[PDB]
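This report concerns only the one structure given below.
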Amino acid sequence: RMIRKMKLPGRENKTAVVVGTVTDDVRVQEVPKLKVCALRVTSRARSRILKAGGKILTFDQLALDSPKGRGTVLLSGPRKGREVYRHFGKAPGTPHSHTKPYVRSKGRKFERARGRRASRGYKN
Amino acid sequence: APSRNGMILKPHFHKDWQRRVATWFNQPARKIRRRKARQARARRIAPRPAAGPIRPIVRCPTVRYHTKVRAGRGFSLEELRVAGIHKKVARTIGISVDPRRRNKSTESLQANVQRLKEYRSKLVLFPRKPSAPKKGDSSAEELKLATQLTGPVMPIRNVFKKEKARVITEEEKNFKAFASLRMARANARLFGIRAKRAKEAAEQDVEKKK
Amino acid sequence: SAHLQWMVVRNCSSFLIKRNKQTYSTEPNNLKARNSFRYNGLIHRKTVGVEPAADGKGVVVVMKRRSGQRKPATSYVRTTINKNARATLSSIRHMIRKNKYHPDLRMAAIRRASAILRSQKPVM
Amino acid sequence: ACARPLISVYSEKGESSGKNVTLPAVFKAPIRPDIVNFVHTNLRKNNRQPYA
Amino acid sequence: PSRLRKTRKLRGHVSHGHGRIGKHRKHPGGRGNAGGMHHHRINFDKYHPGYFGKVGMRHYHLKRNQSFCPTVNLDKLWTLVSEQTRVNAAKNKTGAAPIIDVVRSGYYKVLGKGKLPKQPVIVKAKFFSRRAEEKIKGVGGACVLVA
RNA sequence: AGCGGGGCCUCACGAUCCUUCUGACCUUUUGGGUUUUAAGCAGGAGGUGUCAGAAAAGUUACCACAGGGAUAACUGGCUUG
RNA sequence: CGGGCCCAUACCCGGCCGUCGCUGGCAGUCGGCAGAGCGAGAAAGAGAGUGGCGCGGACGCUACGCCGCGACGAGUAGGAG
RNA sequence: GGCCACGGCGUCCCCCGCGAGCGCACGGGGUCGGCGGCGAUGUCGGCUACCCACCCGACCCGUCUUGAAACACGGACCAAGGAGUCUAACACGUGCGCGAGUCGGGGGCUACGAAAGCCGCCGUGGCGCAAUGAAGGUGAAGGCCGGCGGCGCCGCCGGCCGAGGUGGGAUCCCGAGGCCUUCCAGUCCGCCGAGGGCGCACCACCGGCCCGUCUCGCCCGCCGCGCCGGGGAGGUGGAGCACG
RNA sequence: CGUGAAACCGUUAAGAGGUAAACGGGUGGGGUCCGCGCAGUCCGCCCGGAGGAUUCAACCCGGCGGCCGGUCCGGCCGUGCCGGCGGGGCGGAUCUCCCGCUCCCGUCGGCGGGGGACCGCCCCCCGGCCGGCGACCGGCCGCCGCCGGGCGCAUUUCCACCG
RNA sequence: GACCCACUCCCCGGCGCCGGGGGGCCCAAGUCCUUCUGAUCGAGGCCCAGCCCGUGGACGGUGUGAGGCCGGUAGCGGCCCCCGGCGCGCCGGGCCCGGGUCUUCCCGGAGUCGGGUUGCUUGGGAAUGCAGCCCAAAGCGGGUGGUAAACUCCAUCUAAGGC
Ligand SMILES: COC(=O)C[C@@](O)(CCC(C)(C)O)C(=O)O[C@@H]1C(OC)=C[C@]23CCCN2CCc2cc4c(cc2[C@H]13)OCO4
Ligand SMILES: [Mg+2]
Ligand SMILES: [Mg+2]
Ligand SMILES: [Mg+2]
Ligand SMILES: [Mg+2]
Ligand SMILES: [Mg+2]
Ligand SMILES: [Mg+2]
Ligand SMILES: [Mg+2]
Ligand SMILES: [Mg+2]
Ligand SMILES: [Mg+2]
Ligand SMILES: [Mg+2]
Ligand SMILES: [Mg+2]
Ligand SMILES: [Mg+2]
Ligand SMILES: [Mg+2]
Ligand SMILES: [Mg+2]
Ligand SMILES: [Mg+2]
Ligand SMILES: [Mg+2]
Ligand SMILES: [Mg+2]
Ligand SMILES: [Mg+2]
Ligand SMILES: [Mg+2]
Ligand SMILES: [Mg+2]
Ligand SMILES: [Mg+2]
Ligand SMILES: [Mg+2]
Ligand SMILES: [Mg+2]
Ligand SMILES: [Mg+2]
Ligand SMILES: [Mg+2]
Ligand SMILES: [Mg+2]
Ligand SMILES: [Mg+2]
Ligand SMILES: [Mg+2]
Ligand SMILES: [Mg+2]
Ligand SMILES: [Mg+2]
Ligand SMILES: [Mg+2]
Ligand SMILES: [Mg+2]
Ligand SMILES: [Mg+2]
Ligand SMILES: [Mg+2]
Ligand SMILES: [Mg+2]
Ligand SMILES: [Mg+2]
Ligand SMILES: [Mg+2]
Ligand SMILES: [Mg+2]
Ligand SMILES: [Mg+2]
Ligand SMILES: [Mg+2]
């Protein structure tokens, strides 16, 4: 996400600011020269950024470099990446609700017969 | 009574479970006792390997683990008679033996024979009457150097053959792995019925031709 | 640093007295003897301390040097002053102001000096 | 920080010998009293004997 | 820490947080999850659809070891070897392609989910998928089968 | 042109489990193969009328227990056919 | 029907207590190496350069701290600090 | 006669940028630069605590209950004891460490210490990184450029672009002009700003890909040319993918 | 027979007593105690009056300290880098001289292991720049400050009283 | 059985000699000076050897509160008794003991297996295990190969005797 959003046109050689954690991604091959400020960067992501040839800052260094945040790109990770959000919303067993149910295990015998089949009574 | 969205559970606590509750407060004491008995046995068997007899190379049984080797029960009688050691002498000199193990291929048999030969070249034998040496017995130069080793005698470690880069040939480039797998599956599934149909077809053939 | 050390010791120190809805700090070089970042006598690079002389007359003015932060034995230089009140006050005031030695607390220092001199003066 | 000074090795007489060593980075590692207290609280419970 | 719990704030209040009208009785709805068809029926329908009934066939003596099959994707494929190998392969001019053993790594089937860097390879897998094989070929390379 | 996948419209009817019939060059029947059998998948039917669907006769003046002034018999209160 | 008069915890003015909001203000204690300011209808510099004697200045800021403006204050079952 | 936030010269066109002092106060919340008495064995002060009187108010608590002071029940008085605990599972919310990984809990090696430290070819394993189908099984982008064959489409090809779009989006970017001390020009820094943009997270919508199923269809492959294997277009079912 | 509470009881002292006692708000009256109250606060500057000192400023010597040398000399350190005809430890699913095993009539060819090359990291010896010494300084010079001792001898400075 | 190779290193009944367990008795230093108290184990001091010991500063007792008053505590500290094993030579006793190849022979557990039915039991489902009754075996046989049955191939053990 960091590379995509920094390689978007117009926002060249700016500083990307994250108030979260910057994490290494393994299915990426080429890392551009990036300029990063974050609360913490994982060890392998730090190694990748430095070996590519960028710089990593802390927030005090960011405040010294640009007190007003001028020339910065403010990003954040996917807030709805957590698995709990697949359980929220319209309750299951209700028409047009693709909400994951709470089941102890996934399998043939676990909550698949009565409300889910058309042959076993009804399908919502 | 269920309340709102939850996951309905099945606790197996309907028996008299509080009567049988095995606590682990004596775990550190058990560890100390095990380690003390281990040291006692090791010091009792003075020069012999502390981890007992040597054990052979073994492939794990099922498809899930059949790519890994490990240590088995004992060497097999075919391996002993190919290595040259006697059934009743192997245990005396410190080699694990079991008469249950079969040998379905030559590779495992040869690997275990080579392992036995290495161990036999490796051990040092003492004269059971020190004032009188014997034929196959070692000399004082190594009798002085004999010492126990920790851990397993000859550790069983799985290694991977080193495979170097190659230029890809056009036959390899043009092979269809997915198609080959699908046709293999279909042939294995249809073999018996195809043989049957050919049988009855030849039956009508001979009926018309006789 | 001073701010980090303060964040460690602000509520979990052994010089801290918390009773009668009042808070006090009993470290040696603390003028006003109050639990405060400004008046703390341990966490700063440069502090002063006004203490009565063991002789029972005059005051002793303690200054913390610049070099030996991690060397406690040779960190504080003591100046014994046994003069009259006005000139003792003038000497302390010059030592602080002219040197520009942590000028946040010259008035507190001379208040403590006046109090100690009054105390050394015999009671009626 | 990255500035690591040199610490002298003191003799049995209380006075400094000529030897001196660099400050290991562990002393420059961050201080986190909250999690030190957390770890201390959770590890001081492991030597308790049961009662009932 | 019982000093932080709700029981310390309920000292003095008569009902201990359970109301005067409907007291805290013992089991006013039934033990466990009974009543799933009669008086908890609509809870079971609204949050556990499909909980009752039978479906599918039965297998008497199952073996997860028999059915064991781990999978890997082309996205993670190049991470199974040292990136020194990738650098050397993209640097050399003879054209020799590195060999990958997903079986050695601990995978059996290769699924093709994303991009593959344009660099010839040879993949030694037990099973392949059609799109994974197609993407490997489009990169330019071979898929071999192992047992 | 259109109209028609029941009755001019407002009613006329029934889940899980089990049984029965219909359908496929359908899947499994387990170390491999052939063949009966059995189990699956989809759609109908056999019915719960206490109709969101336990399998169910009385008596106690010999009686018991938990409760109810949420509920009768006696008194008191509103009303006055 | 007319003037006057009496008083509730209601309304008005004032003091004090707490809660809420302004997600308000304060690191500017920048002092002889000095020059005191950011409250006032209407955006943005106490901007920089180039040519035409006497040695003096209160308190403060446990920033989880201190300070200022307004509004608000019933409560069983129950929740939270 | 009475009143006024009227008060100099200089021309060009119209009609006809800093005076000095003082002092008074209906002026960003009280001061006196005003006074008087009484105090040693009987007086002074002590809103609270002890006793008494008077005026006003005032029914006995807990509890079920629409309704309790009740002619509803429990209660003579005092002291001590006395009731949401622990284990396991789950769900969400918060704090911490690491992070596409994470976890030694079992084992092993080295008074407090039954603690602590260590093991990595002890990570076996659990959870996560892939879903779907009852199952056999299958298993997560395309387009363009130029030609040959059976307009277009398919393959041999070679090369290139290459991992969605629309709308709203906190912040960021550019900048028509402007922020004065006599007046002119232009230089550097900073700030404000018409208008215009690259758009995080998320939301809605439209496309796309994977598995099951249905309909319409023609092409491709060969060690076994077959009740073989693979592919497309359009609907629909899923606890999926769409830079963790 | 440690300490010895409450309920309840006796006695002493005080007060009170025809709407059971008891209670909230506001006063008044009387008690037992407290203030060890009963001639009323002080703290700085200045004027005046009486007194007494080692006694002020300046100057000299010595010690210590704080800030510097636009760009003083010398050091150390880097979650800094560049050089290297340098010397090494660790790792690599990056390559390739010998030894052991087995397959052959001292041999072609296979397997395991040791040897070397390369790459990446780190430590050390040398050189050159950047930054820091405010988590991390030594000498010299300059200014300022403080302290001790002299010299200063009283229209200075300071002590205690009075109006 | 034949043909080759190899070997005089096993065990015990008794005797004599070589160095963990149970018990007993023991092993440092203030009652120093002054001063509190009914009583000190309290308080102050004991220098330039900051009273003395410390491999002993655990605990208990003694007229409160003791490292040095007593028992103890530390020590691979000491001494004195009894028992076992690991070794030693001796006397005697049992036994004169092996392996490779070729050839000839030998080779197994029954009212049990298995089948039908009944009852209990199991996660075991056209019957997992056990038991009763009836039937009741074979020897290229017999059991098992988690869906009943026939045919046909493989795989894998050798039940109904024992430590
Ligand atoms: C020791 O013997 C008792 O206790 C008496 C007794 O048994 C007797 C009556 C009965 C056998 C029928 O119950 C009882 O139950 O009396 C009840 C009673 O307690 C005294 C109160 C009641 C209620 C309010 C006034 N009323 C008084 C009498 C009464 C008379 C009745 C009647 C009900 C009552 C009840 O219904 C027909 O005439
Ligand atoms: Mg509830
Ligand atoms: Mg309440
Ligand atoms: Mg509650
Ligand atoms: Mg109740
Ligand atoms: Mg309830
Ligand atoms: Mg409950
Ligand atoms: Mg139609
Ligand atoms: Mg009709
Ligand atoms: Mg049912
Ligand atoms: Mg079968
Ligand atoms: Mg079969
Ligand atoms: Mg009768
Ligand atoms: Mg009633
Ligand atoms: Mg009546
Ligand atoms: Mg008001
Ligand atoms: Mg109000
Ligand atoms: Mg309220
Ligand atoms: Mg009244
Ligand atoms: Mg009353
Ligand atoms: Mg009640
Ligand atoms: Mg009622
Ligand atoms: Mg009541
Ligand atoms: Mg009544
Ligand atoms: Mg009653
Ligand atoms: Mg009742
Ligand atoms: Mg009663
Ligand atoms: Mg109590
Ligand atoms: Mg959660
Ligand atoms: Mg007593
Ligand atoms: Mg009395
Ligand atoms: Mg009386
Ligand atoms: Mg004692
Ligand atoms: Mg003493
Ligand atoms: Mg003592
Ligand atoms: Mg003692
Ligand atoms: Mg003694
Ligand atoms: Mg002793
Ligand atoms: Mg049962
Ligand atoms: Mg047997
Ligand atoms: Mg047996």
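Summary of values
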| item | result |
| --- | --- |
| Kirkwood estimate for chain E, i.e. one over the average of 1/r between Cα atoms, Å | 21.8 |
| Debye log10 I(q)/I(0) for chain A, one point scatterer per Cα, at q = 0.13, 0.17, 0.20 Å⁻¹ | -0.67, -0.86, -1.10 |
| Pairwise centroid distance, computed over Cα atoms, of region B:151-200 with region A:67-83, Å | 49 |
| FRET E, pair A:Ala91, A:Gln29, Förster distance 41 Å, beta-carbon r, rounded to 0.05 | 0.40 |
| Inter-centroid distance (Cα atoms) of region C:68-84 relative to region E:93-147, Å | 75 |
| Shielding by other protein chains, D:9-21, mean Cβ within 10 Å | 0 |
| Inter-label distance for B:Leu109 and C:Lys57, nm, one decimal - labels placed 7 Å from Cα along Cα-to-Cβ | 11.2 |
| Too-long pairs where the Cα-Cα distance tops 23 Å, listed order kept, from B:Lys68/B:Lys176; B:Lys173/E:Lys93; A:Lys5/A:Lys51; A:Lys5/E:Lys135 | B:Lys68/B:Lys176; A:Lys5/E:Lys135 |
| For C:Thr80, B:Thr106, order by how many other beta-carbon atoms lie within 10 Å, fewest first | B:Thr106, C:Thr80 |
| Normalised contact order of region B:8-75, rounded percent, pairs of Cα under 8 Å and 6 or more residues apart | 19 |
| Rg and Dmax of region B:161-201, Cα atoms only, in Å | 17.7, 53 |
| Within 10 Å of each Cβ in E:24-32, the average number of Cβ atoms from other chains | 2 |
| Rounded Å value of the spacing that divides the Cα centres of region E:1-63 and region B:3-66 | 36 |
| Number of partner chain Cβ atoms within 10 Å, mean per residue of E:87-96 | 2 |
| Burial ranking of peptide ranges B:89-97, E:64-72, E:18-26 (average Cβ count within 10 Å, highest at the top) | B:89-97, E:64-72, E:18-26 |
| Per-pair calculated FRET efficiency, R0 = 35 Å: A:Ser47 and A:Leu74 via Cβ, rounded to 0.05 | 0.90 |
| Reach of C:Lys46 by Cα under 28 Å, taken over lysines that are not fewer than 8 positions away in the same chain | C:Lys18, C:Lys32, C:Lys57, C:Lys64, C:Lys71, C:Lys83, C:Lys98, C:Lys100, D:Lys28 |
| Convex hull of Cα atoms in the protein assembly as shown, direction-averaged projection (nm²) | 65.4 |
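Only the coordinates and a few stated rules stand behind these numbers; no lab work does. Note: ideal-geometry Cβ built from the backbone for every residue, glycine included; neighbour counts use all protein chains shown.
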